[PDB]
Amino acid sequence: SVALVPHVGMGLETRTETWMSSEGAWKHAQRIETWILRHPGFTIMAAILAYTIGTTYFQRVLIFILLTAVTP
Amino acid sequence: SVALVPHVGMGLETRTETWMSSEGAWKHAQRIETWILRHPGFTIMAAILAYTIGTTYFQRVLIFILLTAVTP
Amino acid sequence: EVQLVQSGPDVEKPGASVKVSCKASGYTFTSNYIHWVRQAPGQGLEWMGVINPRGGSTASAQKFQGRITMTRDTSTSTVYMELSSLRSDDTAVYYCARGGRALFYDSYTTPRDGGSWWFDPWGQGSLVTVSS
Amino acid sequence: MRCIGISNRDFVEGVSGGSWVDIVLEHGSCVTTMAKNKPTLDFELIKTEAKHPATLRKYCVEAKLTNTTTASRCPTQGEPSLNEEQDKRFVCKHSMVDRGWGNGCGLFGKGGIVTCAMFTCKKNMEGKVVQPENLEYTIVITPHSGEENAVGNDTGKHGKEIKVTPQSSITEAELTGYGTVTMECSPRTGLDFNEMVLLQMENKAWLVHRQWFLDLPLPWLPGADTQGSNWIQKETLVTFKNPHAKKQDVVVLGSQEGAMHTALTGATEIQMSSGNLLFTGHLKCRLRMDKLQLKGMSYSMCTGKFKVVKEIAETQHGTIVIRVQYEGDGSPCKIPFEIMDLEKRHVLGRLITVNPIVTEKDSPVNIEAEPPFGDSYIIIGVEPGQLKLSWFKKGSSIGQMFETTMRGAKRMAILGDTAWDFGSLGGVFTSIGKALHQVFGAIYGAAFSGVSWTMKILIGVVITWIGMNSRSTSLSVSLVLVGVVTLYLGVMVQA
Amino acid sequence: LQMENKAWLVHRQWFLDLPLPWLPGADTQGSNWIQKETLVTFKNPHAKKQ
Amino acid sequence: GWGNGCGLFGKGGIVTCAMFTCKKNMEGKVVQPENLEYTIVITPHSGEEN
Amino acid sequence: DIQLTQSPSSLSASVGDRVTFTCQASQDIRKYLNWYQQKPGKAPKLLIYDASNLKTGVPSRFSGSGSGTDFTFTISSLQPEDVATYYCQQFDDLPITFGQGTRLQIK
Ligand SMILES: *[C@@H]1O[C@H](CO)[C@@H](O[C@@H]2O[C@H](CO)[C@@H](O)[C@H](O)[C@H]2NC(C)=O)[C@H](O)[C@H]1NC(C)=O
Ligand SMILES: *[C@@H]1O[C@H](CO)[C@@H](O)[C@H](O)[C@H]1NC(C)=O
């Protein structure tokens, strides 16, 4: 629900701070990294995929940080 | 917050349906596609990136669907 | 001997807090659990809560949630019950007593049981009245 | 009987072993079994009750603020302090604003400042756990063979309730006549509690595995409670405004209850009102049937002249229950029930009443059977042949085996290798199956766990692709395994 | 956008597309809400009821 | 089916409905690029005290 | 939660009589139950633990019985000094709770 589409990039941003100011970002990161810690295997398999596909090195890095971005 | 951790893959399931019961998936899709409709430009630039990097056609497809997944 | 001396009766104003003491003798003060049981005159017995002399672990009933603190002085071999936000309903007599205790921290069920709750030597009770 | 209509059901043919059978049954499912003898019985599974819980955690979904003093030193020098910062029942924060001659005091700089607030919560979550002890299953094991009313109405007394607890075993059960039956559970092989949490919200509850329920954000508080009001956390709750420069502010975060629902999706719920209602889950029992009469032996075959009431009633694949009411004298005599081909007796059905029987006379006795894939010729009549009913079963051979394979697939999913146990006594290759898939899928299905619809199907197609372009024949160990586990497990799950 | 006593300034479209029960400015008695599919969810345990 | 009691044994259709009535709202309004105004203090330097 | 019911609320009886009480539990409490005697103005006192057991120093006319949810306290021969109010006590689960009490009146 409102759980997602959290009105962020959008526009109109003002000089004054808005709401979660300087949290929800580091929330987002901490969240997802936590979930990484919980399910290491999926990290493993994903990384393997990175070493499989493309793999001209920078490519690997990219598609990997997809693994990060996969799903909370 | 609880907005994201939504106890999904996890395990334990059961033979009986659980909660949002054949919704939250199609929810997930519908909302992200909606957000795609709202911000077409970002789709454009991203796709361009797909045509830039790797590009090994299958690669393009992948990193593209990634850059679709990338919106929180 | 097995013995309990509580402090004498007291009266307080509503909304206040009262501190009742329970002193014991006749055993190792760290060898038994302490519980507080209250009796309103027109009612029977009600279990207020529990403190462990050894180590300080504590617990309380839902009714008194938020309202009651329990502490101890081992040196004096004494327990202190304290109630906050006193109200007329609180007016009653209070009681304290023991349990034969496995060890560290307080509350057990499975390990047999105490086989009482303020009835053997919990003390002599003490009257407290919440009044204006 | 008490099975019929639930669909999704488990026919188990034969026993052998001299005795036993392996049954895996859960809740919405049920099981019908047979042997070359002994009466057909049905295992239907109802509420699971775990008695003694113990309470670990207090999450609050809502709170309020008051009092809420704040301070600043103004200088440079010092980082401000306030006494109520001492009692952790308050919430505290440092921020920095500025001060000066407008503020009036010193030096003209960006100042330190603090705040605190009293914190109190009205609403909670009661989450408890239960040790793999006093928790118990209740089963109705119902006979077929007539005795009116309902193939249905699980209410009403036939198959008892056959309680069981891991604390006990061997599940000694009795029914009228033959009804000596021995079951064995393996509840310790069940849901794997100690991984489990039962979570009561305002009414509704949810069963979720432990770790996630630990890591979940929002205000912490330990099971001891007892006035503590001691809540850790609160930084994810109660956000503080700091508009452009001056002052700062504290804000009750607002109830997350719904969002919490959105989280607890992907989890089976549980109703808990009194002590437990627990549903779902699954269990494995092994069945030793020795001890069973056929429910009547050495009789006469009816007499003649049955008169039917109602008609055909197929339901899922087969069973075709019929209801009949005998008319005559002969007293509880066997009913000559047969299922035959066109003319020229080739006769083949399969009958599940096995040994149907007349009761006290007048009473609508009923039957179920499995005609072939095609035309069917059903005959209950004897001396003046009394009756014949034409039937046609559509469908049904290749398609049968196919759909069957679908079932066995689902059961390979959902329930795992306990599934491999769901047959009975395959000697070697059943066992070696259970082990191979045991450690095998143990490594593979999990580890790449915790993943959802999307990522599942997608990772599936990509890895099967990389398989398609791989060399050295290893593609199969990619590929066929890959696409299968990935795709098939993709759509079936997350229900 | 006024909530119980805090408010927020947000740009229009997003505030249109936002889920949760709809209802137009006219209402008063209408109670006409159009949505609710994303609000109250329905259980359907294994077979019977709902 | 016969357990339900009625007809021949199948997977049935079923429906439900419920009254619906709402708790706290959101009042969201808009303002036209009219009826809106700014207030400025334009302050001199140079002493007094204040 | 666990609701301990005590019956009857009061009894009057002649000396020497046999008297019995019954306590009924909303949940199975197994062998955890207790029987108090309390004389007015006195602290409560012990009689029965584990529902089955006398304390040392307690007269023998006292007994207790019952197992799952149901229990009976018994005095074989009523004795005048036994005038008191009596109780039963559920310890199980620890939301510690008592029976409402039963008063006696000598005849
Ligand atoms: C399910 O079982 C119940 C219990 O036997 C059935 O209710 C009985 O119905 C018969 C029919 O005449 C009555 O004689 C009994 O008195 C009923 N039992 C009661 C009231 O406890 C019920 O009919 C069965 N379900 C169906 C669909 O028939
Ligand atoms: C909070 O303020 C109330 C007055 O509204 C006062 O009665 C109470 O004592 C205060 N509590 C604290 C902890 O400051």
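Pulled fully out, how much extra length does the chain show between D:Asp87 and D:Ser19, if you take 0.36 nm times their separation in residues and subtract their Cα-Cα distance? It would help to have the intermediate numbers written out before the result.
Working: separation 68, 0.36 × 68 = 24.48 nm, distance 6.80 nm.
This chain segment gains 17.7 nm when fully extended.
The Cα-based radius of gyration and maximum Cα-Cα distance (Dmax) for chain A are 16.1, 47 Å. Size of chain C: Rg and Dmax of its alpha carbons, in Å, are 14.1, 45.
Please arrange G:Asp28, C:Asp90 by how many other C-beta atoms lie within 10 Å of their C-beta, fewest to most. It would help to have the intermediate numbers written out before the result.
Working: G:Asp28 14, C:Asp90 21.
In order of increasing Cβ crowding within 10 Å: G:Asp28, C:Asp90.
Between C:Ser107 and C:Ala40, the C-beta separation translates, for a Förster distance of 30 Å, into a calculated FRET efficiency of about 0.80.
At 0.36 nm per residue, and after removing the present C-alpha to C-alpha distance, how many nm does the segment from D:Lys291 to D:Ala71 gain when stretched out fully?
Values: separation 220, 0.36 × 220 = 79.20 nm, distance 8.23 nm.
So the chain would gain 71.0 nm between D:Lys291 and D:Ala71.
Taking every alpha-carbon pair under 8 Å whose residues sit at least 6 apart, the range D:53-152 reaches a relative contact order of 38 percent. So what is the relative contact order for chain G, in percent, with contacts set as C-alpha pairs under 8 Å and at least six apart? It comes to 37 percent, rounded to a whole number.
So what is the calculated 222 nm ellipticity per residue for chain E, using -39500 (n - 2.57) for each DSSP H run with n of 4 or more, over all residues, to the nearest 500 deg cm²/dmol? Mind dumping the intermediate values first?
Details: 1 runs with 6 residues, N = 50.
My calculation for chain E gives -2500 deg cm²/dmol from helical runs alone.
With just the Cα atoms defining each centre, how far is the range D:437-495 from the range D:333-356? Give it in Å. What the calculation gives is 47 Å, centre to centre.
Evaluated at q = 0.08 Å⁻¹, the base-10 log of the normalised Debye intensity for the protein assembly as shown, with identical point scatterers placed on the Cα atoms, takes the values -1.08.
Based on the alpha-carbon gyration tensor of chain E, what equivalent-ellipsoid semi-axes (square roots of 5 times the eigenvalues) come out, in whole Å, largest first?
Details: eigenvalues 181, 44, 25 Å².
Calculated on Cα positions only, the semi-axes equal 30, 15, 11 Å.
Between A:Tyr57 and D:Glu383, the FRET efficiency from the beta-carbon distance, with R0 = 60 Å, is close to 0.10. Among the DSSP helices (H) of chain D, those spanning at least 15 angstrom by Cα along their long axis with an average Kyte-Doolittle hydropathy of -1.0 or more are D:398-412, D:427-444, D:453-468; this is a geometric and hydropathy rule only. Counted over all Cα-Cα pairs of the range D:145-209, pairs farther apart than 17 Å make up 65 percent.
Counting beta carbons within 10 Å around each of C:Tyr94, F:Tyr38 and listing the fewest first gives the order F:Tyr38, C:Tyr94.
A crude spin-label estimate for the pair G:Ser14 and D:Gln167, with each label 7 Å from Cα along the Cβ direction, gives 4.5 nm. Within the range D:121-165, all pairs of alpha-carbon atoms sorted by distance into 10 Å bins from zero give the percentages 19, 31, 19, 18, 11, 2.
Kirkwood hydrodynamic radius, chain D, all distinct C-alpha pairs: what's the number in Å? Present the calculation step by step, with values, prior to reporting the outcome.
Numbers: mean 1/r = 0.0354 Å⁻¹.
For chain D, inverting the mean 1/r across all distinct Cα pairs yields 28.3 Å.
Take each residue in D:461-472, count the other chain C-beta atoms within 10 Å of its C-beta, and the mean is 2.
Could you tell me which trypsin sites (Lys or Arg not before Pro) in the range D:168-229 are loop residues by DSSP with no more than 16 other beta carbons within 10 angstrom of their beta carbon?
On the way: sites: D:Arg188, D:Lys204, D:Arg210; in loops: D:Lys204.
For trypsin sites (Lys or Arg not before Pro) across the range D:168-229 that sit outside H, G, I, E and B with at most 16 neighbouring Cβ atoms in 10 Å, the list reads D:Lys204.
Taking other Cβ atoms within 10 Å as a rough exposure proxy, D:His317, B:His39 sort from fewest to most as B:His39, D:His317. Model label sites at F:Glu27 and D:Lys110, defined 7 Å from Cα along the beta-carbon direction, differ in position by 3.6 nm. Note on chain G: GNM, Cα springs under 10 Å; of G:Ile48, G:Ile96, G:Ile75, the largest mean-square fluctuation is that of G:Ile96.
Inter-label distance, G:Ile106 to D:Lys204: 6.3 nm, where each label sits 7 Å from its Cα along the C-beta direction.
What number, rounded to the nearest 500 deg cm²/dmol, is the helix-based mean residue ellipticity at 222 nm of chain B, given -39500 (n - 2.57) per DSSP H run of at least four residues and division by all its residues? List each step's numbers first, then the result.
Details: 3 runs with 40 residues, N = 72.
That calculation yields -17500 deg cm²/dmol at 222 nm.
Three semi-axes describe the equivalent ellipsoid of the range D:179-271; taken as square roots of 5 times the Cα gyration tensor eigenvalues and ordered largest first, they are 41, 15, 12 Å. In plain terms, if you count all Cα to Cα distances in the range G:1-76 and split them into 5 Å steps from zero, the share in each step is 3, 15, 24, 25, 20, 9, 3, 0 percent. Scaling against 2.2 N^0.38 Å puts the C-alpha radius of gyration of the range D:257-382 at 1.63. With R₀ set to 22 Å, the beta-carbon distance separating D:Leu425 from D:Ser186 gives a calculated FRET efficiency near 0.85. Averaging over all projection directions, find the projected area of the Cα convex hull of the range D:29-79 and quote it in nm² with one decimal place. Mean shadow area of the hull around the Cα atoms is 10.5 nm².
Report the trypsin sites (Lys or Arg not before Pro) located in the range D:372-403 that are in a DSSP loop and have at most 11 other Cβ atoms inside 10 Å of their Cβ, or state none. Don't skip to the end; give the middle numbers.
Details: sites: D:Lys388, D:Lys393, D:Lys394; in loops: D:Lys388, D:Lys393, D:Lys394.
Taking the range D:372-403 and a limit of 11 other Cβ atoms within 10 Å, the loop trypsin sites (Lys or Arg not before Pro) found are D:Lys394.
The numbers here are math on the coordinates, done by the rules we state, and not lab data. Using ideal geometry, Cβ is built from the backbone for each residue, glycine included, and neighbour counts are taken over all protein chains shown.
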